[PDB]
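Chains as they are written, first to last, in our numbering: chain A, 8 to 231; chain B, 8 to 231; chain C, 775 to 952; chain D, 775 to 952; chain E, 15 to 230; chain F, 15 to 230.
Positions of the beta carbon are idealized from the N, C-alpha and C atoms, including for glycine.
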Amino acid sequence: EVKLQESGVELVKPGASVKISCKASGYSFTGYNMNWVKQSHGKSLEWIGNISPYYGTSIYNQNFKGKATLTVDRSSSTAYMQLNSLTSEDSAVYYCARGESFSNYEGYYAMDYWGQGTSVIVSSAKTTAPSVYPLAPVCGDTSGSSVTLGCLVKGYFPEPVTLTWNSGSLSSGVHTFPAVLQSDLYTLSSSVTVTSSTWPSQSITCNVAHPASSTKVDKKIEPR
Amino acid sequence: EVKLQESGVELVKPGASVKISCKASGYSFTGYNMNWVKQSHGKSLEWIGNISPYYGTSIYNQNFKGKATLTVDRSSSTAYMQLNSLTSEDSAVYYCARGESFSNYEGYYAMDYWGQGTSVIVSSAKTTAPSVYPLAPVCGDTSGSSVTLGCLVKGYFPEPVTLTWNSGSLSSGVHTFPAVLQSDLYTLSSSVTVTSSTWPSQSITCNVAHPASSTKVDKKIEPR
Amino acid sequence: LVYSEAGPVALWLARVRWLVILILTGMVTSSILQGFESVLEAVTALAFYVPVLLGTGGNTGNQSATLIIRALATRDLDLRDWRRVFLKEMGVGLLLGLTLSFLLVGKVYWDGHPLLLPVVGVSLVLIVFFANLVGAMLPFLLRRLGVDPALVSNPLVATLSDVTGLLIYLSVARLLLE
Amino acid sequence: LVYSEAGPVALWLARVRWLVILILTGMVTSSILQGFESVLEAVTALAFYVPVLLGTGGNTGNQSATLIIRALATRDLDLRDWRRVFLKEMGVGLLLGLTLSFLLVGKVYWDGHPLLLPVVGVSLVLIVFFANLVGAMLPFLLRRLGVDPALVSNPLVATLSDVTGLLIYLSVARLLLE
Amino acid sequence: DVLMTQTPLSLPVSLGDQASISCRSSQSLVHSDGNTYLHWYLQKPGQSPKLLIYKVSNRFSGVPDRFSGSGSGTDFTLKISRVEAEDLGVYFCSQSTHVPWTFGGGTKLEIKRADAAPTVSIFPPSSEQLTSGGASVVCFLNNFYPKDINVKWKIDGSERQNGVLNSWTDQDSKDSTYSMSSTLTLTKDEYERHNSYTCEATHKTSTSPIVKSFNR
Amino acid sequence: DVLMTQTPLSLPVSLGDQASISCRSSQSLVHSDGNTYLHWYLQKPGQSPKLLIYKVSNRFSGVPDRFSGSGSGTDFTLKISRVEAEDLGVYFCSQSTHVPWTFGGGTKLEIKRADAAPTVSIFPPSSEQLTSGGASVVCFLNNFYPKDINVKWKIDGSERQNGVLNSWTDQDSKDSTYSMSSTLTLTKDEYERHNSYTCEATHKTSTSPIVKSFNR
């Protein structure tokens, strides 16, 4: 039904000030209050503001009074959140959600429709190449009739890095893990599980695709 | 009595936006309207705004609507003029003048007390060093028992350039002329009148003092 | 409207556009009084305090209404927070009716209408009560209808309070005198 | 004042302050009517239109004063333009009384008080007139006294117009009836 | 304000059964207006939380009748009739009475597959890693169940708790098992001094902890 | 709005005499309020204009009784009793009725010294000019009276009106004479081609215009 669309992915360095934009569509933006709520790195939400377009004023969470400023523009139909002095604890996804009628002709009072998410990362803006380290087996390909092959990608930024196995051909037994953060640099890992007969009989390779570095590293695992 | 003091000398590039500050003192700035009036390069005045501090709104000359914006700050007791897109015709001196009561307990209604002048000069502010030239007499020091000596200063910026004769010793019969403008570079001239017996018997020199170039040119006039 | 350019015809046009509605409400108040002529004929001191009672009524209105409008336009209250301002405006209405009737009864006594003291004393409280409440639940009702309650509250509470300033004062007069 | 934290007594303090400043002007209008009682006793329909006449007087006030203040706070009218807004507000007051009274005399006729038609017709015009003028020269007089008009004009013109609405309506009644 | 909460945090159910999600407030979430603001949101994996139940009795539009929200006062509950594949995710029960409108801790909706044992595999640093400029041994915990798992990083058989990272994948879409990557970043000589790297994982299914160690 | 004006623009008077400054509006400066806003300001040489006469009848504070402002309607006049040395400058008569509050053209207050003839002296480009890269011949008009003067820049005896600058000093503080500088910027070649540089000045005292020319 109503499509609530906000800004795209966001990148900032500490001490900065980002203006997350949330545009309304499908309803009269003047007559519904936009609620700003942030979702941390895979955890519970936290409601961080309720801007009333008609009056342009807002009520604020106690934990976020000052570290956030909500303004809107009725003609532009966009809801604006302006984070101020955002520490590394503000590394989260920031939803805007239409959640209150101005006429209160809705019954409920909370969260009709939500945005799509503006990933906000506070880490230092150091675009780094995604070094790849083909994770070889334990030692000498010990027996067991079921041996898996891994792949490591350390020291890169930002989050989105695709990893495929033999360039998206053999995606069976694959496991790709979330791009965890480690001191201003991410670390993607991967695993493929095969039979002890298919490897090293079949040349298995590992490739990545980092956009902000335009890097396509292709490296194939060697038996130690 | 009341001292009305505003900002100092001003320099700008064409197309810029300069914000002239006029601070009030000696009266309740909240209850007297500040009048902004500009004086051209030695010509008549022209009233270019009347800011009402208490309400913060202003009335504007027809010729200057848009080319000027008056704002104030009651707590700061400063009256602010913000010129916008100031062309070459805005090369003038800009007076602020307290000139109308809020209670209108004054009788008259225009110009109680005035500022001191914020010379606003528009040019390509190339802080050229003053090239100075010893203006020798006509030819061979012809007779007449009364011969004068001149001195020229072309190619400098900004206006204030001191010229003395023998370093401020012989200032009799001297004439120093206004720093006229000529296509973004000024031209100061000078003339000293002496008797035909004192020159070339006495070593007459010409010296300048340009602050923004820190130049002290010293030269003695030669008889051609 | 920009003023110094507008002519008397345009000024009259806009201002009568508003004053016709306000004098229609005045017409309603006039009819309400005309309905109670049987007590005004019996005692003619009643009319001496219609202006003061209506002023205090439609003043408690335009004070509570513009006290709730600000508190509602700074997100200090919400449209679901009317039952908590209700049990607060009722209390302040009582504590304000007492302290206004205590002075209006003094005025009535100093004028010298002892038979009118009970009805004035009851009516001032019962009007700056049912005018305080109707000036406090007018912003919520307006914002729940869909109208910005800062636009159409200043005249609306005045009419909805000077109607009751008669419909209650005269009723209390009929209960207390005849 | 921040609202939702304040208690009933905290609200009541400020609200009774302003309401008791206004109840004094209510007292003086009551005294004026008590003085003119000699015509209310003679005809009891006079009281039927005190609310509508006052709610047109102290309304033309709070409308002309607002119109002048919002045009005096944007430097549209300089403070020395009182004599030029005077010959405009007098004209608009005439051209607005002649229609407000035109509607109110229709109301009086529909009520059925033919002896009230002339007095109401003269009185609504003479209240709208001397309430428009006093609502237009209230901001100039206030700003010439040194006070911001928008602050202390809304109650002041209402009082200065209901007092002089009664004092004109009752006087015209005495001139036209007894 | 109301430090609201949910129990349990993980809800292992099947596809086609009834699942009950508790929601116990801290103080009473009845408003001065007087109706139970205990909104329920469902956040499907990798989406935005859309509203499911509002004013705990009622239901939102476009919501299939599979969801049932009931309770009042301080203890509220959302129950499913038959868990479908479009209903998995995380379920937030929020409130709207006391500003700030806090949210619940949220509980996931996994699938109660058969309990399996991890296929652990220590991975020594690659030959490239030996000459890379870094040193990072990584231990993989693949294809186990349930979510409850933890790695014990022992060096030479002795425990180490420095510079550790761990990332768990979400539920698999083929057999609904979980897998865990445990990396160990360290300097060169600390890698070049020690030979044994005991990756120990304590699982709910296995009696003894499952271990893995290699001698360089 | 009111294209206001003053006559005359220069007022040669003595020290200790009576000087009358006219001020003729364009349309009547009587306000709807109804009093004659024709304020008079004095701008002493190199200062800011301070108010002298307001509401033409009245007088400002701190103003000596030497100034007399009178008239009404459209024609207004400021008259001095005895011109003192502290009263010289330029006199602006403004208005305040019709926005914009325009100002008058302003008239100066010189001293009626004896009429003198200029000490004209052409100054050919210096010896450093001969090796400067540019050419700038200048002609000085020193110690004359009154202000009304104009240079005629003739080259080889033929008139030229290109690239001319002119700066007049203000009134001198010893004998109250005026002096005028007339520079002539031109390229090197135009200086090296032409031989005669006729500096011509037309003064009201001399019958024939005074000239000065040199042959390089």
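Item, Value
"Neighbourhood of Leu-18(A) by C-beta distance below 7 Å, restricted to the same chain and skipping five residues each side", "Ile-128, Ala-132, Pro-165"
"Chain D contact for residue 737(C) (CB, 9 Å cutoff)", "Given a span of 775 to 952 for chain C in the structure shown, any question on residue 737(C) remains unanswerable."
"Within-9 Å CB hit, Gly-148(F) to chain B", "yes"
"is_contact[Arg-918(C), chain E] using C-beta, thresh 9 Å", "no"
"Bridge-paired residues (DSSP) for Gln-61(F)", "None, per the DSSP bridge assignment."
"Own chain, CB closer than 7 Å to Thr-201(E), minus 5 neighbours either side, in chain order", "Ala-149"
"Nearest residue (CA-CA) to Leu-52(F), options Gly-118(F), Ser-34(F), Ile-94(F), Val-27(F)", "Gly-118(F)"
"For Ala-845(D) and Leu-878(C), the rounded distance between their alpha carbons", "38 Å"
"Buried versus exposed, by CB contacts within 10 Å (16 or more), residue 238(A)", "Summary: the structure shown does not reach residue 238(A), with chain A confined to residues 8 through 231, and so no result is reported for it."
"Residues near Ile-806(C) in its chain [Cβ-Cβ closer than 7 Å; skip 5 each side]", "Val-937, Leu-940, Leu-941"
"Beta strand (DSSP E) segments (min. 3 residues) lying fully within the segment 144-183 of chain F", "149-158, 165-169, 178-182"
"Within chain B, partners of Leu-853(D) - CB distance below 7 Å", "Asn-111"
"Short CB-CB distance (under 9 Å) between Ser-927(D) and chain C", "no"
"Nearest-angstrom Cβ-Cβ length linking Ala-143(B) and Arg-231(B), presumed shorter than 8 Å", "5 Å"
"9 Å Cβ cutoff met for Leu-934(D) and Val-902(D)", "no"
"When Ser-220(A), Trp-54(A), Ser-28(A), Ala-23(A) are compared against residue 3(A), the one with the closest alpha-carbon", "Here chain A comprises residues numbered 8 to 231, so residue 3(A) is not present and cannot be evaluated."
"C-beta neighbour in chain D for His-53(F), strict 9 Å", "no"
"Cβ shell of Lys-58(F) (< 6 Å), same chain only, five flanking positions each side left out", "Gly-103"
"Outcome for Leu-66(F) when other beta-carbon atoms lying within 10 angstroms are tallied against a minimum of 16", "buried"
"Short-range partners of chain D found in the segment 88-118 of chain F, where Cβ spacing is below 7 Å", "none"
"Residues that DSSP places opposite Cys-158(B) in a beta bridge", "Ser-197(B)"
"Where the segment 65-76 of chain A meets chain C: residues whose CB sits under 8 Å from a CB there", "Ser-65, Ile-66"
"Span of the alpha helix (DSSP H), counted from its first residue to its last, around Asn-836(C)", "824-847"
"Coil, strand or helix - residue 308(A) by DSSP", "The requested residue 308(A) does not occur in the structure, where chain A is confined to residues 8 to 231."
"Same chain only: Cβ atoms within 8 Å of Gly-835(D), ignoring 5 sequence neighbours per side", "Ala-905, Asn-906, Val-908, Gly-909, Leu-912, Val-931, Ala-932, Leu-934, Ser-935"
"C-beta contact flag for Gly-829(D) and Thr-830(C) at 9 Å", "no"
"CA nearest to the CA of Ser-24(A), picked from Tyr-193(A), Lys-45(A), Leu-90(A)", "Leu-90(A)"
"Chain B within 9 Å of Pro-132(F), Cβ atoms only", "no"
"DSSP three-state assignment for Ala-99(E), whether helix, strand or coil", "coil"
"Residue nearest to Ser-227(F) in terms of C-alpha spacing, selected from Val-152(F), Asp-184(F), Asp-162(F)", "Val-152(F)"
"DSSP state of residue 3(B) mapped onto helix, strand, coil", "Because chain B is modelled from 8 through 231, residue 3(B) falls outside the range shown and cannot be assessed."
"Reduced DSSP category for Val-926(D) - H, G, I as helix; E, B as strand; rest coil", "helix"
"Within-9 Å CB hit, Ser-46(E) to chain C", "yes"
"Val-926(C), buried or exposed, once every other Cβ within 10 Å from all chains shown has been counted against 16", "exposed"
"CB of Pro-892(D) within 9 Å of CB of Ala-839(D), strictly", "no"
"Beta-carbon separation (whole angstroms), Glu-107(A) vs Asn-40(A), contact threshold 8 Å", "4 Å"
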